[PDB]
Amino acid sequence: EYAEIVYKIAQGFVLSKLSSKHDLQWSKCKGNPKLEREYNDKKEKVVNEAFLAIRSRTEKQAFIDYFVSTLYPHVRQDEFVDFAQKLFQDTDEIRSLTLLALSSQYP
Amino acid sequence: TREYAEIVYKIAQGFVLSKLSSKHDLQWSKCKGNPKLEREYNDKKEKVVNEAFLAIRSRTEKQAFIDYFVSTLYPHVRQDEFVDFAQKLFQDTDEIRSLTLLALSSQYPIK
Amino acid sequence: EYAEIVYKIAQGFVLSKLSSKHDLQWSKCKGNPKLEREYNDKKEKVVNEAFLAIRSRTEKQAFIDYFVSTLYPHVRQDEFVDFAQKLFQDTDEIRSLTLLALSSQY
Amino acid sequence: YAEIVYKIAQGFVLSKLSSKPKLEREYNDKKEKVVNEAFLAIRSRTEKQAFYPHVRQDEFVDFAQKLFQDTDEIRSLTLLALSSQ
Amino acid sequence: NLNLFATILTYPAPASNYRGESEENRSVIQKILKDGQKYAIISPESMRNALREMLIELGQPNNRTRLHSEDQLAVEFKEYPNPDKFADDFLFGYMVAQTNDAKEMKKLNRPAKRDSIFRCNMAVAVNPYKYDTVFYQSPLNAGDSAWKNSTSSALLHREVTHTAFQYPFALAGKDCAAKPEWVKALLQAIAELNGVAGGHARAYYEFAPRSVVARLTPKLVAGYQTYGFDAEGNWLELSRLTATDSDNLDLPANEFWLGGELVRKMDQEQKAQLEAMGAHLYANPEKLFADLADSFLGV
Amino acid sequence: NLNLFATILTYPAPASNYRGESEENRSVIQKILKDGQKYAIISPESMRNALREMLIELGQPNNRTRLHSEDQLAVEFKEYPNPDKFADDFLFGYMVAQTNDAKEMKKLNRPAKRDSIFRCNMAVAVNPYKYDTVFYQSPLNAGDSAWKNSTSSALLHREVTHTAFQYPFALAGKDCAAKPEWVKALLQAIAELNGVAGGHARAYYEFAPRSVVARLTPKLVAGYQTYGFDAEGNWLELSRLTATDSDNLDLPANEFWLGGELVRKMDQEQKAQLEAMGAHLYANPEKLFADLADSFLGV
Amino acid sequence: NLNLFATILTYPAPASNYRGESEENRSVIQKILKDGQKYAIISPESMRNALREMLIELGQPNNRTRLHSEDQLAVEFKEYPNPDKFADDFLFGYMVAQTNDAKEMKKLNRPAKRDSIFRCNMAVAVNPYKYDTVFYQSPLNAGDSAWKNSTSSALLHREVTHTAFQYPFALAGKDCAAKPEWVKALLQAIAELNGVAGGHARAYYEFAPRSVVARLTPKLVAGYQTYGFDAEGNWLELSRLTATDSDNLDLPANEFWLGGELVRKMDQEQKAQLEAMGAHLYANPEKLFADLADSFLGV
DNA sequence: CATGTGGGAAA
RNA sequence: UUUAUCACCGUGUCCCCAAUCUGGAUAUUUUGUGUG
């Protein structure tokens, strides 16, 4: 679904990194407010680190080299082909799309 | 979009308030009883909003306006309609530039 | 209802621009007749140059971008979005109201 | 021709997997995670390391294609293999 | 033999030559073309002013002179503009009338100046505009309070483009009594044009040498040309069919073209064959106006 | 002999002189051309300021001087601008006033003054911009106050290009006998100059003249040069056909040509034939460009 | 007498001074040059801090000192900055101003320090970079679980090159009132400096001795050199022209030729002919500096 | 004449 | 509801301007265990 794929992969990446750093399954946070505070702090730290990392480099080959390597998209078993074939304007636009998606997720 | 127009106004005012709160650790909640605090509060608001307005008005272009808007501005939190609003944005942007100019310029304190 | 707010916008623009440019207000103007004369003639000059500038460039983008000037006077708190949408769509009666409001101040 | 890269990557990964009931599922899940070590070694390459329908034609033609846009090939093995796991 | 059509283009260089106005602190430039792109132009009256200045440069009497005086833009107008003015008034310009005094200025001349022998048209950038700008300056104040200018230190902008543009011109050869003395000055001036800009303190730009394609025909003001070159500047593709059939196949004859700077292109084979028809020999455009002006004129 | 054109080159070096600004901690560099690549520019008014600073350095009396004062950029003017004063850099400027005294100090000179006898143009990096950047960390935090800067430390970015660049300039022989020594001092400053870059302590390089390839002519401020060289500097090929036969075949004359550093190239067989027409036996640019002053100027 | 241009001296050895950060656990080095290869660089500010430390170890009263404290990168600023400071601030530095208190620091000096007497430039590896790398690190884990570090034990990468690099710099004379006592120590520090790298526990690198071809004349900050050696350190690509010259005819006028570690190269006969006019009698760069520092100064 | 909000995916 | 008719003639948007002043990505680390 094009942009929805970018949104999903960004959200999955941030969740996967948060799970690798700290215990997953946020529903266990439950009532203890300090757990919410520390969870939000770690979330925003990871998100703004990625935000800076993608912001400082948005120029053609380096951008994609950092984007594909450090992010884990969905499978897109056969629908990915169209996503790959139009890669030039795809990158030219998904720089802004990825920046917007990353900026969307702050506490 | 009228819904997206409200989104633009809300995100502009939220960016202004949040940047003022973070940069100069100042809260409007302390307004009552400290009129001098009101002067430096309005001075800081003037500075930040004037800088933002001059920066946004400085140049008009597709790529420059789009990437400045997505980089230096932090949009609000919504679940799904961002895809629809963004995709509608990418065909035509001049009206969005005018709307964000209106929202940002409406933030000037009176007198 | 938007006609009144447009008129107030123009009046506030004129007064604020004059006060910012040449640090003059109404009371000290009431002070001595020479200051009425000076402030009045400068107000005529500024409103005349604004009217001359706005009388041309009659289309969507040109009128919108020339509206970007004047710093969007006294737009105030956006309690109403209908001005942002319907009036931007109409883009014709707004020019007439702005011209009439600017001409009304002389 | 991206689908060709996808197919060859998937087929070769399954070939290594076959080379050497929740038990069946976890076995496949853990083994595919193991094979990822080979890919991080391959994606450490910069220009020069590690070099189906037909054999005669590809060497006559695809050999030229490999050497002109090798910069493109870096996304193929990285993007496609990662998409699997 | 009695008409002369030509178009002149320029070398590429960064050119601002601001003309417009705006409070937005960006000195806008003029755009007229509508194909999804913007093209910069130069209005012809600036070129007319440059021509007048160059006629002033050489020995040429004139009645109109620009003075530097009070802030209103003014001209010292000197004598009555008579049609028998050696250089400026006869060649172009008009004699205006509001009251027309008494008995038609003692029954002298004619206040209806209809003919403007130099016919000029605007230029087209033939290169799409780019939204690039330059952050070239900040105004600064005075410290000793002597002749104090604007109070604050402002900031503004400016934009430039790397472009080369062409313009057409034409004139009809009718008179031969007074024109031959003054017309030669015009042709020399056209070869060299200097000015046609807002301020040459920055981005001084000159467009003197490049390929030219003058055409003189007794066709009573008729032109097969289009008044436009390519991005590279090889407009001559349309004449490829025209040159081949000079002798036969019911198409224009061998004396049907003139050359310019573009002849120095690398290829040579068809230049050898094109020599059999046209006068494609002048490598220097300045030399071209020395000869073909003689043929068009009486001598 | 009443006009002078010239273009000069510099040695390759890492780039500097950021102009634009951005919150992203990246000091951007101004760019203009879109031919599929990007180039860097240096605006001419900065070089004009450098020339004013150098004329300050050498012993020439002038009435404009920069002062370090309140954070608003300011420069005092003391005496009123006047044509008849030891000052020539202070001569160029024109500034209006609402009062403007009594007819510009009672008819003494005239306020709106010409640009200058000197005209210049922007520089072009003649090398495509590359996306390389340099990364540095600036700690600003003190443990004992002493009026510290912002509380939190930061990490910043710059960008730099290893290139060399050129720019043209010109002047006219309208008024030169009135300012012989002023033109001599100006030429001495042009022969070698300093600054023109924002970053002194970092990325230091100066615009040492690498080649000068133009002279004077009585052609009334017209040229032929495109104002651009190849990457290696041996541009003369595009003018080789223009210079080899300077004596005949209606070609530009020999007197118009010079040589800077490129003349010292290892091949010398053709130097013998070019010496038969043009005066280009100069290897050091400073001696040649000083010798040019005597020929161009009245003395 | 008032200007000093100098060159650089280094030895080949494995590299250090990483700046980049790759998530793939590699310490990438900085590359800026684009001629088909990569080159290693070191920012001049690193060398500026190294020079500050070298002045610190010698007796020099300063206001800036580095402290190891809370994880924010802090710098101890001591008392209020002084422009007549005995070590650094006069020599090179700045006095900050966020609001600049009241009445210009209670009527004390001038806040902004425009001059940075030490004027240097970025370094260049002058040896093409290779993608050679080595992973010599297998990080560890805690076994007794007392104040544990990161739980996992990962694998990373490092890259180094066999290279020697140079960094041009120059300075001029400003005011001999306090110049000698600080500048003489500064020249000693230049002749012998340490660090300018984070990694010294591994890849210990020093660039103290090598050839120097420094150059000083009162030519008003003019540089004819290119600021670059060849692969094997033979600057002779210019020594054929600007060194063999004997300031007598048709050659550059110079009298301050200097040598370094290159004077002892295999051939010796031409050293005799260069000794007829040059001063390249120094095998030690230290001895050369000890004399040329006194020569450049008043005594 | 002024500030507000969450959560998943595959041979 | 008929019949005929050039909106005509001229015109530099021009004159001055710097994105300026300072800034060590630094801190640690067995590719280790084997074999006709």
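In terms of determination method and resolution, the entry is listed under cryo-EM at 3.8 Å.

*Asks:* I'm lost on the overall build of chain D in this one. Help?
*Replies:* Secondary structure assignment for chain D yields 4 helices and 0 strands. Starting at the N terminus and ending at the C terminus, chain D contains elements arranged as α-α-α-α. At 15 Å, chain D has a C-alpha radius of gyration far larger than the 12 Å of a compact globule built from 85 residues. With the principal axes as the frame, chain D shows a C-alpha extent of 45 × 30 × 20 Å. The proportion of buried residues among the 85 residues of chain D is 21%. With an accessible surface of roughly 6800 Å², chain D has 62% of that area assigned to carbon and sulfur atoms. A distance of 5 Å separates the average location of the 14 positive side-chain charges in chain D from that of its 13 negative side-chain charges.

*Asks:* Just checking my understanding: could you explain the overall build of chain C for this structure?
*Replies:* A count of helices and strands for chain C gives 6 helices and 0 strands. Taken from the N to the C terminus, the helices and strands of chain C come in the order α-α-α-α-α-α. Expressed along its principal axes, the backbone C-alpha trace of chain C runs to roughly 45 × 30 × 20 Å. By residue count, 30% of the 106 residues in chain C fall in the buried class. Pairs at least 24 residues apart make up 69% of the contacts formed inside chain C by residues separated by at least 6 positions. Here chain C displays about 6700 Å² of accessible surface, and carbon together with sulfur accounts for 56% of that area. Looking at chain C, you have 16 positive and 16 negative side-chain charges, and the mean spots of the two groups are 8 Å apart.

*Asks:* Is there a simple way to think about the sheet that holds strand 5 (residues 119–120) of chain E in this case?
*Replies:* Sheet strands associate in pairs through backbone hydrogen bonding, adopting either a parallel or an antiparallel arrangement. All names here are of chain E. Strand order across the open sheet formed by 3 strands is 1-7-5, with antiparallel pairing between neighbours. Every interior strand has two partners, whereas the edge strands, strand 1 (3–8) and strand 5, have only one. Where strand 5 meets strand 7 (residues 167–172), 2 bridges bridge the pair, whose relative direction is antiparallel. Its bridge partner being in strand 7, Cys 120 is matched across the sheet by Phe 169.

*Asks:* In this structure, what is going on with the protein's contact with RNA strand I? I would like to understand it.
*Replies:* In the vicinity of RNA strand I there are 72 residues, among which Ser 46 and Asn 49 of chain E, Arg 48 of chain F together with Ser 46 and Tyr 136 of chain G approach most closely. The sugar-phosphate share of atoms of RNA strand I within 4 Å of the protein amounts to 69%. Contact distances for RNA strand I include 3.3 Å between a base nitrogen and a side-chain N or O atom of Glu 21 of chain G. At 2.6 Å, a side-chain N or O of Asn 49 of chain G approaches a sugar or linking oxygen of RNA strand I. Residue assignment for the surface near RNA strand I shows that the elements contributing at least two residues are helix 1 (44–57) of chain E, helix 1 (44–57) and strand 6 (134–138) of chain F together with helix 1 (44–57) of chain G. Classifying every residue of the surface near RNA strand I gives 25 nonpolar, 20 polar and 27 charged.

*Asks:* Sorry if this is basic, but what is going on with the interface of chain F and chain E here?
*Replies:* Accessible area lost on assembly of the parts is the figure often given for the size of an interface. With 44 residues of chain F in contact, the opposing surface of chain E contributes 41 residues. Interface area, chain F with chain E, both sides summed: about 3900 Å², of which 56% is carbon and sulfur. Our enumeration of links across chain F and chain E arrives at 2 salt bridges. When the shortest N-O distance is used, the salt bridge between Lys 174 of chain F and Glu 57 of chain E registers 3.7 Å. At the junction of chain F with chain E, the criterion picks out 11 residue pairs in polar contact. Within the residue set of the side of chain F that touches chain E, elements represented by two or more residues are helix 1, strand 4 (75–76) and strand 5 (118–120) of chain F. Counting residues per element, the side of chain F that touches chain E draws most heavily on helix 1 of chain F, which supplies 3 residues. Looking at side-chain class alone, the side of chain F that touches chain E contains 21 nonpolar, 7 polar and 16 charged residues.

*Asks:* So what exactly am I meant to see when it comes to the side chain of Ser 43 of chain F here?
*Replies:* As for its placement among the helices and strands, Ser 43 of chain F is situated in the loop between strand 2 (13–14) and helix 1. At a separation of 2.8 Å, a polar atom in the side chain of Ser 43 of chain F contacts the side chain of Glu 45 of chain F.

*Asks:* What exactly am I supposed to notice about the pattern of salt bridges here?
*Replies:* Note on pairing: side chains with opposite charge can pair once their charged atoms come close. By the definition in use, this model includes 35 salt bridges over all chains. For the salt bridge of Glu 23 of chain F with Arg 55 of chain A, the shortest nitrogen-to-oxygen distance reads 3.4 Å. Linking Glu 23 of chain F in the loop between strand 2 and helix 1 with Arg 55 of chain A in helix 2 (residues 33–55), this pair reaches from one chain into another. Using a relative accessible area of 18% as the deciding quantity, one classes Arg 55 of chain A as buried. Several salt bridges share partner residues, and in doing so they unite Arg 2, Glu 3, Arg 78 and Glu 81 of chain B into one network.

*Asks:* Help me out: how do you make sense of the protein's contact with DNA strand H in this one?
*Replies:* Taken together, 13 residues lie around DNA strand H, and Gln 11, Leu 15 and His 74 of chain A together with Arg 76 and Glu 79 of chain C are the ones closest in. Each atom of DNA strand H within 4 Å of the protein was classed as base or backbone; sugar and phosphate made up 81%. Between a base nitrogen of DNA strand H and a side-chain N or O atom of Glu 79 of chain C, the distance comes to 3.1 Å. Elements represented by at least two residues in the surface near DNA strand H include exactly helix 1 (3–21) of chain A together with helix 1 (2–23) of chain B. Residues belonging to the surface near DNA strand H are distributed by class as follows: 5 nonpolar, 5 polar and 3 charged.

*Asks:* Sorry, what's going on with the sheet that holds strand 1 (residues 3–6) of chain G here?
*Replies:* Residues and elements named next belong to chain G. Here we have 3 strands laid out as an open sheet, ordered 1-9-6, and antiparallel in their pairing. Since the sheet does not close on itself, it has two edges, and those belong to strand 1 and strand 6 (119–120), each with one partner. Of the pairings in the sheet, the one linking strand 6 to strand 9 (residues 169–172) comprises 2 bridges and is antiparallel in character. The partner of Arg 119 across the bridge, within strand 9, is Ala 170.

*Asks:* How do you make sense of the interface of chain C and chain B when you look at a structure like this?
*Replies:* If you look at the interface, chain C gives 14 residues, while chain B gives 17 residues. There are 2 residue pairs in polar contact connecting chain C and chain B. Counting only elements with at least two residues in the side of chain C that touches chain B, the list comes to helix 4 (60–68) and helix 5 (82–90) of chain C. Its residues assigned to classes, the side of chain C that touches chain B comprises 8 nonpolar, 4 polar and 2 charged.

*Asks:* Just checking my understanding: could you explain the pairing of strand 1 (residues 3–8) of chain F for this structure?
*Replies:* It is a general feature of regular strands that their side chains alternate between the two faces of the sheet. All names here are of chain F. In terms of burial, strand 1 is a largely internal element, 6 of the 6 residues being buried. Residues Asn 3, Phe 5 and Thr 7 of strand 1 are buried on one face, and the alternating residues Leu 4, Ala 6 and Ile 8, pointing to the opposite face, are buried as well. Bridge count for strand 1 against strand 9 (residues 167–172) is 6 bridges, and the pairing is antiparallel. Note on strand 9: the bridge partner recorded for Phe 5 is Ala 170.

*Asks:* Looking at this model, I keep getting lost on the side chain of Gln 166 of chain G. Mind explaining?
*Replies:* Of note, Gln 166 of chain G is situated in the loop between strand 8 (162–163) and strand 9. Dropping the residues within four chain positions of it, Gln 166 of chain G is found in contact with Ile 8, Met 122, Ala 123, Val 124, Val 126, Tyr 227, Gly 228 and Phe 229 of chain G.

*Asks:* Where do I start with the nonpolar core in this structure?
*Replies:* Generally speaking, soluble globular proteins have nonpolar side chains that are buried together. Within the largest apolar cluster, 54 residues are counted, with the highest numbers of intra-cluster contacts made by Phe 67 of chain A together with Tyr 4 and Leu 104 of chain B. Setting aside anything within four residues of it in sequence, one finds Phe 67 of chain A in contact with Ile 9 and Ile 94 of chain A.

*Asks:* What should I look at first to understand the packing of helix 1 of chain E against helix 4 (residues 179–191) of chain E in this one?
*Replies:* Two measures define how a pair of helices packs: the angle their axes make with one another and the distance between the axes. Residue and element names in this part refer to chain E. Two elements in contact, helix 1 and helix 4, have axes separated by 10 Å at closest approach and are oriented at 115 degrees. In this structure, helix 1 crosses over helix 4, and the sense of that crossing is right-handed. Mapping the contact onto sequence places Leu 51, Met 54 and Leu 55 in helix 1 and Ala 185, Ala 189 and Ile 190 in helix 4. Along the lines of polarity and charge, the residues of the contact of helix 1 with helix 4 split into 6 nonpolar, no polar and no charged.

What counts, and at which threshold
Residue labels used throughout are counted from 1 along each chain in written sequence order rather than taken from the entry, whose numbering may differ, and residues without coordinates are not included. Labels are handed out in written order, letters beginning with A for the chains and numbers beginning with 1 for the ligands. Every figure given here refers to the displayed chains, which form just one part of a larger assembly. Just so you know, side-chain values use all the structure's heavy atoms and leave hydrogens and water out. The helix count covers DSSP runs of H or I at least four residues long, the strand count covers runs of E at least two residues long, and both are numbered beginning at the N terminus. We compute the radius of gyration over the C-alpha atoms and compare it with the globule rule, which gives 2.2 Å times the number of residues raised to the power 0.38. To sort residues, take the accessible area from a 1.4 Å probe on protein chains only and compare it with the maximum for the residue type: under 20% means buried, over 50% means exposed, and anything in between is partly exposed. All accessibility values rest on the Shrake-Rupley procedure with a 1.4 Å probe; residue burial counts only the protein chains present in the view. Charge convention: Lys and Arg are scored as positive, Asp and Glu as negative, and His as well as the terminal groups of each chain are ignored. A charged residue contributes its charge at one atom only: NZ of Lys, CZ of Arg, CG of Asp or CD of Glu. A contact between two residues is defined here by any heavy atoms of the two lying within 4.5 Å. Pairing between two strands requires that DSSP report at least two bridges joining them. A cutoff of 4 Å decides nearness: a residue is near a molecule or strand if any of its heavy atoms lies inside that distance of it. A 3.5 Å cut-off defines polar contacts: any pair of N or O atoms within that distance qualifies, except that in protein one atom must be a possible hydrogen donor and the other a possible acceptor, and neighbouring residues in sequence count only when both atoms are side-chain atoms. As a working rule, the residues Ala, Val, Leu, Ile, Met, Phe, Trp, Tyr, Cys and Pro are called nonpolar, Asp, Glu, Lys and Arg charged, and the rest polar, with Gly in that last group. Buried area is understood as the total, over both parts, of accessible area removed when two parts are fitted together, assessed with a 1.4 Å probe. Salt bridge, as used here, is a side-chain nitrogen of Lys or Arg placed within 4 Å of a carboxyl oxygen of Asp or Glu. In these notes, a set of buried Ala, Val, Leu, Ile, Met, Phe, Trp, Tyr and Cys residues joined through side-chain atoms within 4.5 Å is what counts as a nonpolar core. Angles here are taken between N-to-C directions and fall from 0 to 180 degrees, while the axes themselves are lines fitted to C-alpha atoms, restricted in helices to the stretch in contact. Helix crossings fall into two classes, left-handed where the near helix is turned counterclockwise from the far one by less than a right angle and right-handed where it is turned clockwise.

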